[PDB]
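Note sheet for the following structure.
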Amino acid sequence: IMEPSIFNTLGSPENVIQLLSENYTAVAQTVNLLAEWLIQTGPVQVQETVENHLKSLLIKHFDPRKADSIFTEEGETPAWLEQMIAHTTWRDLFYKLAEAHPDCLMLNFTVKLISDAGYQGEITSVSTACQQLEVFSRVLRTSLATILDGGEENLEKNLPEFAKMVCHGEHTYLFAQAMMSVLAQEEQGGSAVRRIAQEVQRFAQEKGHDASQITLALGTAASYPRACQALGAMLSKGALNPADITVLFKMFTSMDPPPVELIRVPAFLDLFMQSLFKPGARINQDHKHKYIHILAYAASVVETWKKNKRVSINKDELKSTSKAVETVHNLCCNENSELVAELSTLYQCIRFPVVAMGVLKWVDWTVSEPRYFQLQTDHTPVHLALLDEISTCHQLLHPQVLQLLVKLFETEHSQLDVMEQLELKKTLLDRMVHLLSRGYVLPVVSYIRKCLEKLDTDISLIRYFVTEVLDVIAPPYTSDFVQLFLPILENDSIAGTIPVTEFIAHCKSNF
Amino acid sequence: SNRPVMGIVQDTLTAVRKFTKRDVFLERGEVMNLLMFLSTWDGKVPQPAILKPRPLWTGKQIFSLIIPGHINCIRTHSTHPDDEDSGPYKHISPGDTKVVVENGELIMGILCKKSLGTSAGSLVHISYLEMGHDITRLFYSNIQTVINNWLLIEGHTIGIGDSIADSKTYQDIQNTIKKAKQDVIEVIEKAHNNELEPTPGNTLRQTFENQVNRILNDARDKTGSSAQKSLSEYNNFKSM
Amino acid sequence: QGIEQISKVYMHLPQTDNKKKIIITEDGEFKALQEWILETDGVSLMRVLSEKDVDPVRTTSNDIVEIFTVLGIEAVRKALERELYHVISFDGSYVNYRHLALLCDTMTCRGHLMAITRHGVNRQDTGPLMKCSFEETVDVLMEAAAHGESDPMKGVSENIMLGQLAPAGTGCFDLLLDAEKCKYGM
Amino acid sequence: XXXXXXXXXXXXXXXXXXXXXXXXXXXXXXXXXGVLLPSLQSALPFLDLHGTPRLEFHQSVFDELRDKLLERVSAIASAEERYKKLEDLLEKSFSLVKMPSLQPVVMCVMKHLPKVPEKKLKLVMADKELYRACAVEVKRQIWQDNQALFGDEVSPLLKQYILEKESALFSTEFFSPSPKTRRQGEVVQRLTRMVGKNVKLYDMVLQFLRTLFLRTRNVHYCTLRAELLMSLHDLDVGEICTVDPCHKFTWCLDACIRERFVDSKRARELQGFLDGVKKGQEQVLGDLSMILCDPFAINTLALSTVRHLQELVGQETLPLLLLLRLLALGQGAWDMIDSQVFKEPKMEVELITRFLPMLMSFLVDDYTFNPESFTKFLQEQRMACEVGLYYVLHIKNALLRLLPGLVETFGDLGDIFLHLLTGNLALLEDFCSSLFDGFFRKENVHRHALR
Amino acid sequence: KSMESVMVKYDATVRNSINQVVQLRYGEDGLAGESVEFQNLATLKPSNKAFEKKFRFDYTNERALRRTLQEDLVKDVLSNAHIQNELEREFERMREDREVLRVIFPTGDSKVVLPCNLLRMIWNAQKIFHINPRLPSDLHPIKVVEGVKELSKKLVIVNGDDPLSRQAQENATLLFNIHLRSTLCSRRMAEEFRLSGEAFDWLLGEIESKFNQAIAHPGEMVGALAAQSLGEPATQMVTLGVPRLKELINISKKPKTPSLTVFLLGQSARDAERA
Amino acid sequence: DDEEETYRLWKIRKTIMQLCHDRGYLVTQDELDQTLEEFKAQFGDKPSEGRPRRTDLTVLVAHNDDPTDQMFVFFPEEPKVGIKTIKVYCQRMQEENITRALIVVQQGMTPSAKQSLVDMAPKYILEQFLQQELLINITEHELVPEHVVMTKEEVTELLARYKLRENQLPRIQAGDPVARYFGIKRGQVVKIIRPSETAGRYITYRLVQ
């Protein structure tokens with residue numbers, strides 16, 4: 001062998017023949033020779049496949065066993081591991097090796113040093129990050145910086161890898177609801193991080209995670225026993241019990257304002273959305289008046305929070321929004337047609353923002369019901385024209401409008417005729433192009449690019465989309481938009497079938 | 001069709017569904033009376049399902065006595081929810097709707113046409129396959145005799161009360177019908193005044209008739225769903 | 001423009017698994033592709049197969065005679081099996097494949113499409129008495145008398161008319177007395 | 001150990017056991033004093049603390065890198081890069097221990113089949129001496145230079161030619177001989193002995209083996225040729241078919257002759273190929289050897305005789321079957337005795353002109369039941385055809401019409417023919433063999449007992 | 001009255017009254033239609049990764065293999081190169097069977113009609129022998145391999161040692177052999193069912209007996225049986241059932257609704273306008 | 001249309017090469033799967049007046065077993081083939097040692113040509129083929145199982161094994177599309193291999209009548 005050969009100044013005789021086999025002979029000489037030979041045969045791939053051959057043989061080692069008893073590691077393993085972690089495949093491998101045997105002093109002790117030594121972004125740290133404080137805080141800093149510079153689209157991409165880390169236990173959740181709340185309380189960009197905090201809270205609500213007990217004490221809404229106790233039962237139970245609504249109604253109406261952020265919690269307003277805008281919700285007159293008053297109060301008043309004092313209130317816009325919510329409630333609950341006759345005032349209610357997601361949810365609970373398109377006969381259903389007006393008047397609902405609308409586009413209505421199925425898809429594409437004119441450009445075209453390049457949807461719908469887009473838009477064009485749109489027309493499954501000349505003339509000038 | 005041509009029918013089928021329910025508990029004397037209509041009985045009275053306070057046997061025990069030898073089956077009852085086999089309680093049925101026979105014993109499940117009728121893979125089919133033909137003949141006769149003699153106790157009828165529903169259900173039926181007639185009137189107005197656009201692949205009469213048929217089919221489906229949802233477990237139409 | 005004896009053609013996105021295209025992926029799974037198909041009224045199978053952008057492998061037909069003329073005898077056998085199965089399955093019931101296969105093979109074992117009528121069944125050399133039992137008894141018997149056709153009495157029907165034990169189930173063999181086995185008797 | 005490049009610790013560093021103060025293998029000198037720089041040498045200290053499993057690690061990496069080395073040869077196989085890769089493999093493959101005929105085996109599989117200076121001559125000679133694993137390169141180069149395939153394969157190959165000739169020399173009464181498709185016993189190994197450039201290798205070794213067979217026995221040359229030569233063109237190799245002038249043509253002609261004995265159409269092609277000029281000297285002799293040397297021609301001749309008699313039955317007269325049969329018999333008879341020279345033997349007026357009425361005599365006499373010309377044709381032609389025709393005629397004017405022909409054939413006598421095992425098998429061991437002893441006829445001793 | 005004298009003869013071939021061959025085997029596998037059951041092929045549906053994970057025996061993970069087997073069997077499986085080679089050869093054989101099945105059924109339905117219900121039989125063997133699924137088993141996987149091989153050699157539909165009869169036998173029992181190898185795999189026996197040696201021998205005997213019982217007997221008037229089988233549903237019930245059946249049967253040069261099913265190429269089939 | 005006719009002729013040649021491959025004739029792989037652009041570049045792209053006329057597309061090929069057995073694939077100019085053109089084509093058939101040939105007709109030829117075909121059968125085996133028939137390969141249809149022509153020795157072995165008569169087998173017509181595809185005459189047997197959902201796969205044999 002290399003070590004068991006001449007143990008003494010000979011040393012076994014059988015091992016001296018074993019020494020002839022390896023030593024500085026073929027095992028060592030031909031290593032450099034073939035390392036230069038496979039290189040000369042073709043090659044940077046040679047060292048990569050060499051490392052792959054080593055890496056496969058590395059994994060067999062029993063690292064968690066022998067490393068526990070040492071307890072010292074000669075000062076953070078400087079001889080061999082400290083130079084090793086600077087290697088990409090090795091440092092990546094160490095994360096894989098840790099997952100095999102967790103709950104060990106050696107592995108959790110060693111990982112605390114590599115996180116700050118160059119591996120700022122610790123990939124596949126779903127469970128390993130939870131055990132160590134330093135690594136968890138470091139990767140949280142990386143996550144918050146990444147989401148902050150990512151913009152808006154990355155929120156879909158940033159949610160799963162980041163928020164799932166707090167699912168192992170609540171102790172990793174309330175701490176992950178602490179420092180960024182301090183960042184949110186400041187006036188210097190305190191809105192966006194509270195936005196991602198509430199988004200995390202809503203994901204917690206749809207993953208069964210209990211977020212109803214911690215977010216109320218975090219927005220200093222626990223200052224009053226009645227307010228916190230009232231809201232706690234609503235968010236924990238998930239319903240509009242009358243007692244809490246009555247105390248809130250008689251509380252906030254008095255000259256003692258609670259913190260405005262407690263009545264503006266998105267989970268609470270989404271709960272109101274679900275409880276009220278459903279067609280099948282039947283409420284008496286008085287409780288309905290209190291409900292519409294709470295929503296109007298939650299969406300009208302401007303308040304100056306000086307942390308000890310506040311003197312500001314508005315009543316007129318509260319009354320106007322109460323009227324709008326009440327009238328839309330009447331339209332939603334009555335359901336009968338005379339639906340077309342009610343658009344004289346319904347678009348006036350569309351102009352108010354608080355009503356827009358209400359009718360959006362009502363439309364979602366209407367169109368998603370099967371046979372609705374089968375029961376419909378118009379060239380364009382009135383509900384989709386309502387979403388067109390919603391897209392026109394406002395832009396904050398555009399991700400939600402697109403999410404509902406692609407949910408409809410991907411849907412198969414087997415009960416319908418095939419040609420009316422296509423005409424329904426073309427109607428949804430008419431909403432796509434309408435929303436494209438209202439500023440929601442990149443996510444829609446990204447959906448189209450995914451649906452065409454990857455999926456196998458009908459090419460006629462894509463062709464109708466491109467024709468409508470080219471016929472509705474005019475130059476100038478931004479470089480990102482032409483960067484996204486141009487591979488569609490270059491697919492050649494569309495170009496030969498029929499604006500096109502103008503677009504190809506302008507795009508080459510653009511790039 | 002490689003399935004049994006003959007199976008349990010009518011009175012015996014309804015009564016064996018009513019018999020294998022989880023709530024059926026038989027007194028001692030009733031068990032004595034039923035046990036002697038078994039031609040294949042070994043003469044050993046089984047230990048009761050419930051010993052104290054009162055000795056009560058279940059219909060599953062008696063049907064386990066009827067089932068011959070050690071045939072093994074899994075069958076799905078008609079009222080079995082589809083989502084039950086995905087979530088919790090998948091193999092401990094809250095509805096007793098998963099039939100599994102293990103070692104020739106009905107450990108759980110309610111029996112119907114899907115497990116005792118002509119369908120392939122039913123209890124009689126595997127009983128024939130695993131135990132010849134004479135054993136299955138005895139199986140048929142034992143089911144009929146025991147189940148009819150228990151139907152003397154349970155009884156089974158049908159009447160006017162099973163064809164009626166409360167005021168709420170009839171109000172819902174009338175509202176659904178009224179809305180359907182309103183939709184048909186609206187479609188008629190659209191066709192007459194020419195707001196209605198013909199769909200491709202057919203003429204204007206075909207489009208109008210297809211839409212009317214869709215509306216009335218939706219009305220029938222909704223009314224049937226409302227009526228069935230309004231039924232009670234004691235409804236005899238539902239039992240049949 | 002187009003092809004004669006083809007009145008109307010309808011596109012269709014099939015929902016049924018049998019007509020939907022199914023392709024094994026690289027991963028080895030089965031993926032059903034909702035691809036367009038056409039259903040016509042009127043059959044000109046050959047021209048349609050020869051047409052452009054039309055899959056010749058999967059393009060089949062309802063008609064039985066013309067698919068025999070175009071594609072052959074084994075193709076019409078398989079197509080007839082498929083059509084018969086479709087008819088039975090539309091009812092929602094099930095019939096074992098053996099009986100469908102036996103019907104298709106019996107009516108395609110002579111090369112041509114043996115119609116189950118007076119015109120196919122009575123043209124085979126099954127024997128005068130079986131044919132007379134089936135239909136047009138007098139015509140078959142007079143033709144046999146003219147042509148001196150002899151009935152070898154190998155079918156069940158002939159022996160049934162003559163009252164002899166048929167070559168059917170319990171009569172497809174003989175019983176011989178085992179005289180040596182009788183030596184153990186008492 | 002390291003018998004190439006240099007020497008640091010492959011010999012003196014190979015033996016760590018010598019005296020009292022001579023310890024020093026190379027497990028401490030090798031690597032330190034791994035693969036390359038520390039970045040990739042960092043796995044060594046970490047793995048050396050794990051009980052030192054260094055041998056399986058090193059040999060596993062070497063094995064994986066050698067297998068991956070073999071695959072990249074296809075990139076240059078499909079050649080400036082090929083020359084450099086071959087040179088690198090040769091430099092790395094000059095040592096023992098490592099590259100166990102995988103590197104030099106790969107390089108020889110690429111372009112080192114034919115002999116080369118320092119690539120195929122030295123490497124092939126050493127591989128043949130050491131019995132290396134470069135079987136394709138070893139066989140192709142030994143066959144090219146007459147070292148192993150031509151030289152060392154000339155002993156078993158030349159003796160196998162005679163052994164095969166004796167193997168099908170039996171005189172039984174011939175038990176369903178296999179066709180060219182089923183004649184592949186040792187055909188794969190013999191045809192693959194010169195996979196690289198066996199046109200020259202078959203010219204010297206196989207051609208020399210054939211020339212030795214013609215100087216060894218009448219059956220030896222044809223027996224080995226008939227099996228391999230026809231099937232080689234079916235191997236899908238251009239050189240195998242193109243080596244002979246019409247090997248791809250006459251091999252398929254022979255195979256279809258044995259497939260369908262009666263081949264009136266094929267007789268026109270055979271007469272066109274064998275009846276041509278401008279290549280008479282070498283080509284005519286080679287065609288005679290391939291036409292009459294092979295035992296399959298002898299087995300075909302009996303069917304040709306019977307078909308000629310059947311054809312003459314309809315005409316009932318004598319002067320293309322007779323001309324074709326006489327041409328084949330003359331070519332076969334002249335192949336054994338006459339050398340491969342122009343003005344080929346056969347084509348005598350007496351044999352060809354007599355055998356036609358001799359064959360027609362069976363047709364004329366047989367119908368009258370309900371000839372000197374046969375004897376003249378038998379005397380004019382070779383005795384082997386007469387023996388085969390008489391044997392085939394055994395299986396009532398039909399038996400008496402072909403009589404004089406075969407009788408005069410045997411009486412006249414001969415050349416290379418198949419009238420022993422083929423003849424007797426158409427229709428004290430000495431008692432039956434007494435009649436057959438004159439014919440050579442073979443059915444008397446072996447045919448009677450074995451039948 | 002058409003297929004009246006169509007009977008399966010004593011050479012297992014189906015022939016009519018004048019001994020013309022209708023089928024060399026009655027169902028094309030010589031099995032009667034009453035002792036045959038619906039069964040699921042566990043190999044046609046899953047992906048390559050899933051098929052390998054659920055059907056390839058792994059002899060490299062000592063821990064889990066020791067969990068599911070007795071330690072002596074663990075040592076025998078690990079030490080033997082011959083046993084590991086045989087297990088891998090069985091896996092490759094069932095992979096060939098998998099691609100053959102994919103060829104046979106381009107539609108991905110695993111429901112087939114085969115004589116012996118293997119899943120219920122394994123359940124019966126488990127229940128009779130009081131198999132504990134929690135404990136490791138005493139069943140040698142190589143015993144499973146050789147038992148399956150010998151069982152395949154025992155289920156005979158075509159008799160004869162000639163190449164033609166052997167080919168016909170391999171083709172007639174192809175589907176059941178694939179199903180038998182798939183169900184009675186070494187990996188499945190080890191992990192999913194946990195049978196014992198006596199239980200495995202009983203299972204093999206039961207499968208052989210039941211398959212032998214399911215063969216179509218000589219003398220069955222399968223013509224009359226087929227006619228009744230096709231006639232009774234017809235009496236029970238764009239063309240509806242009975243007239244379409246009449247058009248199929250009475251070979252009509254004009255049907256009421258002649259039709260084509262034009263399948264398009266891939267590029268056109270995805271586009272509605274060029275469709 | 002010019003391009004339409006070029007494509008149709010290319011498809012005809014593709015089906016003919018597949019035919020010759022199936023019949024056991026030595027066809028080069030590149031020509032067996034040549035592209036339409038390969039055909040257009042090779043032959044001239046202009047059948048209306050330019051070089052790729054029908055006689056420029058004549059195909060000759062020899063059997064893999066014997067080079068002597070060659071099949072000719074003819075392409076006449078006229079749609080309705082008269083006696084004169086088959087006569088001169090048969091003279092070309094005479095002057096070479098060929099045995100059997102093919103004729104590809106756009107339109108049905110005169111009946112007298114068919115009678116001439118029937119009477120000249122023993123000397124040479126010439127077969128016609130409508131252009132529409134060869135416009136698509138038939139063996140690739142899902143309904144058509146694979147057909148294998150079996151040799152005389154294989155048929156005798158089959159007949160002996162099953163101990164049945166020649167007439168007791170199932171039958172296929174001589175004018176059947178696949179029988180014409182394999183060019184099999186009376187008395188020839190073709191084995192059919194089809195997959196069955198009951199047994200996996202099944203072999204059937206059919207005599208030609």
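Following the order of the structure tokens, first chain is A, next is B, and so on, with residues numbered from 1 inside each chain and ligands from 1 in the order they appear.
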
| task | Run DSSP on the backbone and give me the residues of stretch 205-349 of chain A it puts in helix (DSSP H, G or I), as a ChimeraX atom specification. | result | /A:205-206,215-218,221-223,225-237,242-252,260-263,266-276,285-297,316-334,340-349

Selected residues, C-alpha atoms, written as a compact mmCIF listing (two decimals), in the first residue's frame, please.
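New file result_35.txt:
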# COMPACT_ATOMS: atom_id res chain seq x y z
CA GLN A 205 -52.68 31.61 6.74
CA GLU A 206 -52.91 29.38 3.64
CA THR A 215 -48.86 39.94 14.31
CA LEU A 216 -51.31 41.73 16.61
CA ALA A 217 -48.78 42.21 19.40
CA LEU A 218 -46.14 43.22 16.82
CA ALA A 221 -52.27 46.61 18.79
CA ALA A 222 -52.17 44.79 22.14
CA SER A 223 -52.38 48.12 24.01
CA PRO A 225 -57.56 44.30 25.91
CA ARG A 226 -60.87 44.71 24.06
CA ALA A 227 -59.35 45.31 20.62
CA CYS A 228 -56.83 42.46 20.80
CA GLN A 229 -59.34 40.03 22.33
CA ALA A 230 -61.95 41.00 19.72
CA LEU A 231 -59.65 40.57 16.72
CA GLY A 232 -58.04 37.39 18.07
CA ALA A 233 -61.23 35.34 17.89
CA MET A 234 -61.92 36.60 14.36
CA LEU A 235 -58.50 35.75 12.95
CA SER A 236 -58.23 32.44 14.84
CA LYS A 237 -61.75 31.21 14.06
CA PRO A 242 -71.17 39.52 15.62
CA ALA A 243 -69.81 40.30 19.10
CA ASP A 244 -66.37 41.42 17.93
CA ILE A 245 -67.83 43.49 15.10
CA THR A 246 -70.22 45.22 17.53
CA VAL A 247 -67.48 46.10 20.04
CA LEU A 248 -65.20 47.30 17.20
CA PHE A 249 -68.06 49.40 15.80
CA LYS A 250 -68.76 51.09 19.13
CA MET A 251 -65.02 51.39 19.87
CA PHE A 252 -63.51 52.97 16.77
CA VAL A 260 -54.84 52.28 12.20
CA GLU A 261 -52.67 49.35 11.06
CA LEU A 262 -54.68 46.82 13.09
CA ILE A 263 -57.87 47.50 11.12
CA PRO A 266 -54.67 42.32 4.81
CA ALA A 267 -55.73 38.97 6.31
CA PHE A 268 -58.60 40.72 8.09
CA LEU A 269 -59.77 42.54 4.96
CA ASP A 270 -59.45 39.36 2.88
CA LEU A 271 -61.59 37.68 5.53
CA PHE A 272 -64.14 40.45 5.07
CA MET A 273 -63.84 39.92 1.31
CA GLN A 274 -64.64 36.21 1.64
CA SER A 275 -67.39 36.70 4.21
CA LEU A 276 -69.23 39.54 2.43
CA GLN A 285 -79.81 44.46 8.03
CA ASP A 286 -78.09 45.69 11.20
CA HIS A 287 -74.99 43.48 11.04
CA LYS A 288 -74.63 44.31 7.34
CA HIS A 289 -74.68 48.03 8.17
CA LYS A 290 -71.97 47.45 10.77
CA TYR A 291 -69.90 45.43 8.27
CA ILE A 292 -70.06 48.08 5.55
CA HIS A 293 -69.27 50.72 8.18
CA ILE A 294 -66.14 48.81 9.26
CA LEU A 295 -64.91 48.46 5.67
CA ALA A 296 -65.61 52.10 4.97
CA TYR A 297 -63.85 53.07 8.21
CA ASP A 316 -67.94 61.98 4.12
CA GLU A 317 -65.72 59.59 2.14
CA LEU A 318 -66.61 56.92 4.70
CA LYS A 319 -70.27 57.50 3.82
CA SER A 320 -69.56 57.38 0.07
CA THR A 321 -67.64 54.11 0.36
CA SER A 322 -70.38 52.74 2.63
CA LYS A 323 -72.92 53.50 -0.10
CA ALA A 324 -70.73 51.89 -2.77
CA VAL A 325 -70.11 48.73 -0.72
CA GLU A 326 -73.81 48.53 0.21
CA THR A 327 -74.98 48.88 -3.41
CA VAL A 328 -72.49 46.29 -4.63
CA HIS A 329 -73.63 44.06 -1.75
CA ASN A 330 -77.20 44.41 -3.02
CA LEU A 331 -76.14 43.55 -6.57
CA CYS A 332 -74.03 40.60 -5.39
CA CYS A 333 -76.67 39.12 -3.08
CA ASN A 334 -79.79 39.76 -5.21
CA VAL A 340 -77.01 44.38 -17.32
CA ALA A 341 -79.27 47.21 -16.08
CA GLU A 342 -77.14 47.73 -12.97
CA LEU A 343 -73.93 48.82 -14.75
CA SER A 344 -75.02 52.48 -14.66
CA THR A 345 -73.88 52.71 -11.03
CA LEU A 346 -71.70 49.59 -10.87
CA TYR A 347 -68.88 51.24 -12.84
CA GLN A 348 -69.18 54.22 -10.48
CA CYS A 349 -68.54 51.72 -7.69

With chain B as the partner and 9 Å as the cut-off, tabulate the residues of chain A that qualify, each row holding the nearest pair of atoms and their distance in Å to one decimal, using only C-alpha atoms, sorted by chain and rising number, as a tab-separated table.
residue	atom	partner	partner_atom	distance
A:336	CA	B:179	CA	8.5
A:337	CA	B:182	CA	7.4
A:371	CA	B:218	CA	8.0
A:374	CA	B:214	CA	7.3
A:375	CA	B:215	CA	6.5
A:376	CA	B:211	CA	8.9
A:377	CA	B:196	CA	7.0
A:378	CA	B:196	CA	7.1
A:379	CA	B:197	CA	7.3
A:419	CA	B:200	CA	6.6
A:420	CA	B:199	CA	7.0

| field | 12 Å contact set for residue A:508, only C-alpha atoms, chain neighbours under 5 positions out, as a PyMOL selection string | value | chain A and resi 477+479+482-483+486+501-503

Same residues, N, CA and C atoms, output as a compact mmCIF listing (two decimals), in the first residue's frame:
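Output below, filename out_15.txt:
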# COMPACT_ATOMS: atom_id res chain seq x y z
N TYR A 477 -40.32 51.43 -28.58
CA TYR A 477 -40.36 50.24 -27.76
C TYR A 477 -39.14 50.20 -26.85
N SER A 479 -36.20 48.15 -24.72
CA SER A 479 -35.34 47.03 -25.11
C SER A 479 -35.76 45.72 -24.44
N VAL A 482 -39.03 44.42 -26.46
CA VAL A 482 -38.68 43.77 -27.72
C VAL A 482 -37.87 42.50 -27.46
N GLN A 483 -37.03 42.49 -26.41
CA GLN A 483 -36.31 41.28 -26.02
C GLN A 483 -37.25 40.14 -25.67
N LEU A 486 -39.80 39.52 -29.34
CA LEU A 486 -39.19 39.06 -30.58
C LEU A 486 -39.06 37.54 -30.74
N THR A 501 -44.31 43.51 -40.62
CA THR A 501 -43.21 44.16 -41.32
C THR A 501 -42.72 45.39 -40.56
N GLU A 502 -43.65 46.17 -40.00
CA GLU A 502 -43.27 47.35 -39.22
C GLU A 502 -42.50 46.94 -37.97
N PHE A 503 -42.94 45.87 -37.30
CA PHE A 503 -42.27 45.43 -36.08
C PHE A 503 -40.87 44.91 -36.38

At a cut-off of 8 Å, can you tabulate as JSON lines every residue of chain A near chain D together with its closest atom pair and the distance in Å to one decimal, using only C-alpha atoms and ordering rows by chain then number?
{"residue": "A:1", "atom": "CA", "partner": "D:55", "partner_atom": "CA", "distance": 6.7}
{"residue": "A:2", "atom": "CA", "partner": "D:27", "partner_atom": "CA", "distance": 4.0}
{"residue": "A:3", "atom": "CA", "partner": "D:27", "partner_atom": "CA", "distance": 6.0}
{"residue": "A:5", "atom": "CA", "partner": "D:16", "partner_atom": "CA", "distance": 7.2}
{"residue": "A:6", "atom": "CA", "partner": "D:16", "partner_atom": "CA", "distance": 5.8}
{"residue": "A:8", "atom": "CA", "partner": "D:23", "partner_atom": "CA", "distance": 7.3}
{"residue": "A:9", "atom": "CA", "partner": "D:23", "partner_atom": "CA", "distance": 5.1}
{"residue": "A:10", "atom": "CA", "partner": "D:17", "partner_atom": "CA", "distance": 4.5}
{"residue": "A:11", "atom": "CA", "partner": "D:17", "partner_atom": "CA", "distance": 7.3}
{"residue": "A:13", "atom": "CA", "partner": "D:17", "partner_atom": "CA", "distance": 7.2}
{"residue": "A:16", "atom": "CA", "partner": "D:16", "partner_atom": "CA", "distance": 5.6}
{"residue": "A:17", "atom": "CA", "partner": "D:15", "partner_atom": "CA", "distance": 7.0}
{"residue": "A:19", "atom": "CA", "partner": "D:14", "partner_atom": "CA", "distance": 5.8}
{"residue": "A:20", "atom": "CA", "partner": "D:14", "partner_atom": "CA", "distance": 3.8}
{"residue": "A:21", "atom": "CA", "partner": "D:14", "partner_atom": "CA", "distance": 7.2}
{"residue": "A:22", "atom": "CA", "partner": "D:55", "partner_atom": "CA", "distance": 7.4}
{"residue": "A:23", "atom": "CA", "partner": "D:26", "partner_atom": "CA", "distance": 3.7}
{"residue": "A:24", "atom": "CA", "partner": "D:26", "partner_atom": "CA", "distance": 4.4}
{"residue": "A:25", "atom": "CA", "partner": "D:10", "partner_atom": "CA", "distance": 4.0}
{"residue": "A:26", "atom": "CA", "partner": "D:98", "partner_atom": "CA", "distance": 5.6}
{"residue": "A:27", "atom": "CA", "partner": "D:58", "partner_atom": "CA", "distance": 6.6}
{"residue": "A:28", "atom": "CA", "partner": "D:30", "partner_atom": "CA", "distance": 5.6}
{"residue": "A:29", "atom": "CA", "partner": "D:2", "partner_atom": "CA", "distance": 7.2}
{"residue": "A:30", "atom": "CA", "partner": "D:98", "partner_atom": "CA", "distance": 6.9}
{"residue": "A:31", "atom": "CA", "partner": "D:35", "partner_atom": "CA", "distance": 6.3}
{"residue": "A:32", "atom": "CA", "partner": "D:35", "partner_atom": "CA", "distance": 6.3}
{"residue": "A:33", "atom": "CA", "partner": "D:92", "partner_atom": "CA", "distance": 6.5}
{"residue": "A:34", "atom": "CA", "partner": "D:92", "partner_atom": "CA", "distance": 7.1}
{"residue": "A:35", "atom": "CA", "partner": "D:35", "partner_atom": "CA", "distance": 7.0}
{"residue": "A:37", "atom": "CA", "partner": "D:88", "partner_atom": "CA", "distance": 5.8}
{"residue": "A:38", "atom": "CA", "partner": "D:69", "partner_atom": "CA", "distance": 6.2}
{"residue": "A:40", "atom": "CA", "partner": "D:85", "partner_atom": "CA", "distance": 6.5}
{"residue": "A:41", "atom": "CA", "partner": "D:85", "partner_atom": "CA", "distance": 4.4}
{"residue": "A:42", "atom": "CA", "partner": "D:81", "partner_atom": "CA", "distance": 6.8}
{"residue": "A:50", "atom": "CA", "partner": "D:65", "partner_atom": "CA", "distance": 7.2}
{"residue": "A:51", "atom": "CA", "partner": "D:40", "partner_atom": "CA", "distance": 7.8}
{"residue": "A:53", "atom": "CA", "partner": "D:61", "partner_atom": "CA", "distance": 6.0}
{"residue": "A:54", "atom": "CA", "partner": "D:61", "partner_atom": "CA", "distance": 6.9}
{"residue": "A:57", "atom": "CA", "partner": "D:57", "partner_atom": "CA", "distance": 7.1}
{"residue": "A:58", "atom": "CA", "partner": "D:47", "partner_atom": "CA", "distance": 7.9}
{"residue": "A:61", "atom": "CA", "partner": "D:50", "partner_atom": "CA", "distance": 7.4}
{"residue": "A:80", "atom": "CA", "partner": "D:46", "partner_atom": "CA", "distance": 6.3}
{"residue": "A:81", "atom": "CA", "partner": "D:46", "partner_atom": "CA", "distance": 7.5}
{"residue": "A:83", "atom": "CA", "partner": "D:42", "partner_atom": "CA", "distance": 7.2}
{"residue": "A:84", "atom": "CA", "partner": "D:42", "partner_atom": "CA", "distance": 5.9}
{"residue": "A:87", "atom": "CA", "partner": "D:39", "partner_atom": "CA", "distance": 6.9}
